[PDB]
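Participant: Contents of start.cif (mmCIF, C-alpha atoms and all ligand atoms) are below:
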data_model
loop_
_atom_site.label_atom_id
_atom_site.label_comp_id
_atom_site.auth_asym_id
_atom_site.auth_seq_id
_atom_site.Cartn_x
_atom_site.Cartn_y
_atom_site.Cartn_z
CA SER A 7 -9.00 1.75 5.18
CA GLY A 8 -8.61 -1.02 2.58
CA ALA A 9 -6.83 -4.20 1.54
CA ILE A 10 -5.57 -6.25 -1.43
CA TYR A 11 -6.90 -9.87 -1.66
CA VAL A 12 -4.63 -12.11 -3.81
CA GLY A 13 -4.90 -15.91 -3.48
CA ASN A 14 -4.79 -16.88 0.19
CA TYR A 15 -3.16 -13.52 1.15
CA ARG A 16 -4.52 -10.25 2.61
CA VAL A 17 -2.22 -7.23 2.14
CA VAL A 18 -2.91 -4.25 4.42
CA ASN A 19 -1.05 -1.18 5.82
CA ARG A 20 0.95 -2.47 8.83
CA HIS A 21 -0.24 0.50 11.00
CA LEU A 22 -3.88 -0.68 10.35
CA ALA A 23 -3.41 -4.48 10.83
CA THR A 24 -5.95 -6.28 13.16
CA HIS A 25 -5.59 -9.12 15.81
CA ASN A 26 -6.55 -11.77 13.18
CA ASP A 27 -3.79 -10.45 10.84
CA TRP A 28 -0.84 -10.69 13.38
CA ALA A 29 -1.94 -14.18 14.58
CA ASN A 30 -2.00 -15.38 10.91
CA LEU A 31 1.12 -13.42 9.84
CA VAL A 32 2.97 -14.36 6.65
CA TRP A 33 5.33 -11.34 6.31
CA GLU A 34 5.60 -7.76 7.62
CA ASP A 35 8.04 -4.89 7.06
CA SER A 36 7.74 -1.81 9.32
CA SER A 37 10.02 0.19 6.97
CA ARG A 38 7.52 -0.41 4.10
CA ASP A 39 4.29 0.02 6.21
CA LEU A 40 3.15 -3.45 4.89
CA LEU A 41 1.70 -6.58 6.49
CA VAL A 42 0.50 -9.73 4.72
CA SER A 43 -1.69 -12.28 6.51
CA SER A 44 -3.20 -15.66 5.43
CA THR A 45 -6.91 -16.01 4.47
CA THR A 46 -9.41 -18.91 4.33
CA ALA A 47 -11.14 -17.87 1.11
CA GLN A 48 -9.40 -17.10 -2.21
CA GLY A 49 -8.99 -13.50 -3.39
CA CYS A 50 -9.43 -12.13 -6.91
CA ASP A 51 -6.98 -9.21 -7.19
CA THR A 52 -4.08 -9.55 -9.70
CA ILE A 53 -0.70 -7.95 -8.71
CA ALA A 54 0.90 -5.89 -11.54
CA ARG A 55 4.36 -7.07 -12.68
CA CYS A 56 5.54 -3.99 -14.56
CA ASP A 57 7.37 -0.61 -14.24
CA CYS A 58 4.25 1.63 -15.01
CA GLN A 59 4.43 5.14 -13.57
CA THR A 60 0.75 6.11 -14.48
CA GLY A 61 -2.37 4.58 -12.93
CA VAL A 62 -5.58 5.37 -11.02
CA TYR A 63 -6.05 5.38 -7.24
CA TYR A 64 -9.12 5.40 -4.99
CA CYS A 65 -9.41 8.38 -2.58
CA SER A 66 -12.00 7.61 0.12
CA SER A 67 -11.93 11.24 1.50
CA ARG A 68 -13.35 12.44 -1.87
CA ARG A 69 -15.23 9.22 -2.97
CA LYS A 70 -13.31 9.50 -6.27
CA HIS A 71 -10.81 7.58 -8.40
CA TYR A 72 -8.03 9.90 -9.66
CA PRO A 73 -5.67 9.26 -12.58
CA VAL A 74 -2.05 9.98 -11.47
CA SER A 75 1.64 9.91 -12.54
CA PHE A 76 3.83 8.47 -9.74
CA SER A 77 7.55 8.17 -8.95
CA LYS A 78 9.51 4.91 -8.94
CA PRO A 79 9.68 3.03 -5.55
CA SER A 80 12.30 4.69 -3.31
CA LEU A 81 13.49 5.54 0.26
CA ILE A 82 11.54 8.72 1.21
CA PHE A 83 11.63 10.58 4.53
CA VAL A 84 8.23 10.43 6.25
CA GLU A 85 7.42 12.79 9.13
CA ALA A 86 6.65 11.45 12.61
CA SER A 87 2.98 10.47 13.12
CA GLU A 88 0.97 8.62 15.87
CA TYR A 89 1.98 5.28 14.13
CA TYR A 90 5.73 5.74 13.44
CA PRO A 91 8.54 8.08 14.56
CA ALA A 92 10.21 10.22 11.79
CA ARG A 93 11.95 7.70 9.50
CA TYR A 94 12.78 6.70 5.88
CA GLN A 95 10.06 4.52 4.38
CA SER A 96 11.35 2.21 1.61
CA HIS A 97 9.52 1.13 -1.64
CA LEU A 98 7.36 4.34 -1.51
CA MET A 99 6.02 6.08 -4.64
CA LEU A 100 4.65 9.68 -4.61
CA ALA A 101 2.06 11.44 -6.81
CA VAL A 102 0.48 14.88 -6.69
CA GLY A 103 -2.96 14.28 -5.17
CA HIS A 104 -5.29 14.35 -2.19
CA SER A 105 -4.62 11.96 0.72
CA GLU A 106 -5.88 12.17 4.36
CA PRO A 107 -4.98 9.54 7.14
CA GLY A 108 -8.22 7.52 6.56
CA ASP A 109 -7.27 7.21 2.83
CA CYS A 110 -4.56 4.58 3.63
CA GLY A 111 -5.53 1.23 2.06
CA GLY A 112 -6.92 2.77 -1.16
CA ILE A 113 -5.71 0.78 -4.19
CA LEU A 114 -3.47 2.20 -6.90
CA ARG A 115 -3.90 0.28 -10.19
CA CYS A 116 -2.43 0.34 -13.70
CA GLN A 117 -3.38 -1.68 -16.85
CA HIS A 118 -1.55 -4.73 -15.41
CA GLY A 119 -3.27 -4.93 -12.02
CA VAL A 120 -2.66 -3.72 -8.46
CA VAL A 121 0.47 -1.62 -8.02
CA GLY A 122 0.15 -0.68 -4.36
CA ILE A 123 -1.90 0.91 -1.61
CA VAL A 124 -2.02 4.47 -0.14
CA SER A 125 0.37 4.70 2.82
CA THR A 126 1.21 8.50 3.19
CA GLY A 127 -0.42 11.93 2.57
CA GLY A 128 -0.50 15.68 3.22
CA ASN A 129 0.99 18.81 1.51
CA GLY A 130 -0.92 17.95 -1.69
CA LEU A 131 0.93 14.65 -2.15
CA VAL A 132 -0.06 10.96 -1.82
CA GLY A 133 2.41 8.11 -1.24
CA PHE A 134 1.76 4.47 -2.21
CA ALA A 135 3.50 1.43 -0.73
CA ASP A 136 4.65 -0.63 -3.79
CA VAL A 137 3.75 -4.39 -3.84
CA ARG A 138 5.01 -5.23 -7.44
CA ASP A 139 8.37 -6.62 -6.20
CA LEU A 140 6.60 -9.18 -3.85
CA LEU A 141 6.67 -11.98 -6.44
CA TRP A 142 5.76 -14.66 -3.90
CA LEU A 143 2.22 -13.11 -3.63
CA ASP A 144 1.42 -15.09 -6.88
CA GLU A 145 2.29 -18.53 -5.41
CA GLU A 146 1.98 -20.80 -2.28
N1 LIG B 201 3.36 5.30 6.31
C1 LIG B 201 3.36 6.22 7.27
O1 LIG B 201 4.36 6.48 7.94
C2 LIG B 201 2.05 6.95 7.49
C3 LIG B 201 1.28 6.37 8.69
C4 LIG B 201 -0.05 7.11 8.91
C5 LIG B 201 0.17 8.61 8.99
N2 LIG B 201 0.91 9.09 7.82
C6 LIG B 201 0.44 9.96 6.90
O2 LIG B 201 1.15 10.41 6.01
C7 LIG B 201 -1.02 10.36 7.02
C8 LIG B 201 -1.24 11.84 6.84
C9 LIG B 201 -2.07 12.27 5.80
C10 LIG B 201 -2.37 13.61 5.63
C11 LIG B 201 -1.83 14.55 6.49
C12 LIG B 201 -1.00 14.15 7.51
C13 LIG B 201 -0.70 12.80 7.71
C14 LIG B 201 0.15 12.42 8.90
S1 LIG B 201 -0.79 12.32 10.41
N3 LIG B 201 0.34 12.16 11.54
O3 LIG B 201 -1.44 13.57 10.61
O4 LIG B 201 -1.56 11.11 10.37
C15 LIG B 201 2.23 8.46 7.67
ZN ZN B 202 1.57 -1.72 -15.09
#
Could you quickly redo this structure as structure tokens?
Ligand SMILES: NC(=O)[C@H]1CCCN(C(=O)Cc2ccccc2CS(N)(=O)=O)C1
Ligand SMILES: [Zn+2]
Facilitator:
Amino acid sequence: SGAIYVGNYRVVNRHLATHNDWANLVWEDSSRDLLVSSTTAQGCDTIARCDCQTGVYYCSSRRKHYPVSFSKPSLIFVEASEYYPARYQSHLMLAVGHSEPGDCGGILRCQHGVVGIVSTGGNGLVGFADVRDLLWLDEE
């Protein structure tokens, strides 16, 4: 579990969104596993605006923050699960690391801020849904 809180926005994994989120929907993309909903109180997270490929992510299944190297956002085939059939997920970045289903929502950060959130796992890899291209998160 986990979310990013930037301004009046709440960014979560789409497969984990709640009732409150869909009723107050700003934007969602099934192919990216992302959903953004509006909030009453202001958030304090800063979104990174960079091309960093090294950062640190939180892994709830180990209670540890791990430093990682990660690939650039791309279209990656993701196996069928209880949330989606087998499909290509866009804007996904992979790293070598530990990730179990309950790890989705863990933040990946670099020196410039939040890069993304855990979205995929298994086979000794962890995938992060990139948020650095969503420039509108910084305004309105
Ligand atoms: N973004 C997605 O499509 C993810 C949605 C949640 C499920 N996805 C994962 O990668 C989670 C995962 C982590 C470790 C091993 C195995 C899995 C797949 S599952 N079916 O067992 O949950 C895929
Ligand atoms: Zn950066």
Participant: If we count only C-alpha atoms, what is near stretch 77-94 of chain A at a cut-off of 12 Å, once residues fewer than 3 positions away on the same chain are taken out, given as a count of residues only?
Facilitator: 39
Participant: Could you tell me which of A:105, A:43, A:96, A:48 comes closest to residue A:18 if we count all atoms listed in the file?
Facilitator: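 Using all atoms listed in the file, residue A:18 sits closest to A:43.
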Participant: Atom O2 of ligand LIG 201 (chain B) to atom CA of residue A:108: how many Å, to one decimal?
Facilitator: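 Atom-to-atom, atom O2 of ligand LIG 201 (chain B) to atom CA of residue A:108, that is 9.8 Å.
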Participant: Between A:54, A:42, A:17, A:123, which one has atoms that come closest to ligand LIG 201 (chain B), using only C-alpha atoms and all ligand atoms?
Facilitator: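 Using only C-alpha atoms and all ligand atoms, ligand LIG 201 (chain B) sits closest to A:123.
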Participant: With 12 Å as the threshold, what does the neighbourhood of (4.9, -17.8, -1.6) contain in terms of residues, counting only C-alpha atoms? Coordinates are those of the file; answer as a list in words.
Facilitator: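 Applying the cut-off with only C-alpha atoms, one gets residues 12, 13, 14, 15, 32, 33, 42, 43, 44, 140, 141, 142, 143, 144, 145 and 146 of chain A.
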Participant: Can you tell me how far atom CA of residue A:116 sits from atom CA of residue A:66, in Å to one decimal?
Facilitator: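 Rounded to one decimal, the two atoms are 18.3 Å apart.
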Participant: Give me, please, the distance in Å between atom CA of residue A:25 and atom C6 of ligand LIG 201 (chain B), quoted to one decimal.
Facilitator: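 Answer for the atom CA of residue A:25 to atom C6 of ligand LIG 201 (chain B) separation: 21.9 Å.
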Participant: Work out where the centre of an axis-aligned box around every listed atom of stretch 91-97 of chain A lies and how long its edges are once 8 Å is added on each side; give both in Å to one decimal as lines of an AutoDock Vina configuration file.
Facilitator:
center_x = 10.7
center_y = 5.7
center_z = 6.5
size_x = 20.2
size_y = 25.1
size_z = 32.2
Participant: Looking at all atoms listed in the file, which of A:40, A:47, A:124, A:9 is the one that sits closest to residue A:65?
Facilitator: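 So, comparing all the options, the nearest one is A:124.
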Participant: Between A:16, A:35, A:119, A:75, which has the minimum distance to ligand LIG 201 (chain B) (counting only C-alpha atoms and all ligand atoms)?
Facilitator: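 For ligand LIG 201 (chain B), the nearest of the candidates is A:35.
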Participant: Of the candidates A:52, A:7, A:30, A:95, which shows the shortest atom-to-atom distance to residue A:109, using all atoms listed in the file?
Facilitator: A:7
Participant: So, with all atoms listed in the file as the atoms that count, which of A:69, A:110, A:117, A:103 lies closest to residue A:130?
Facilitator: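 Selected residue with least distance to residue A:130: A:103.
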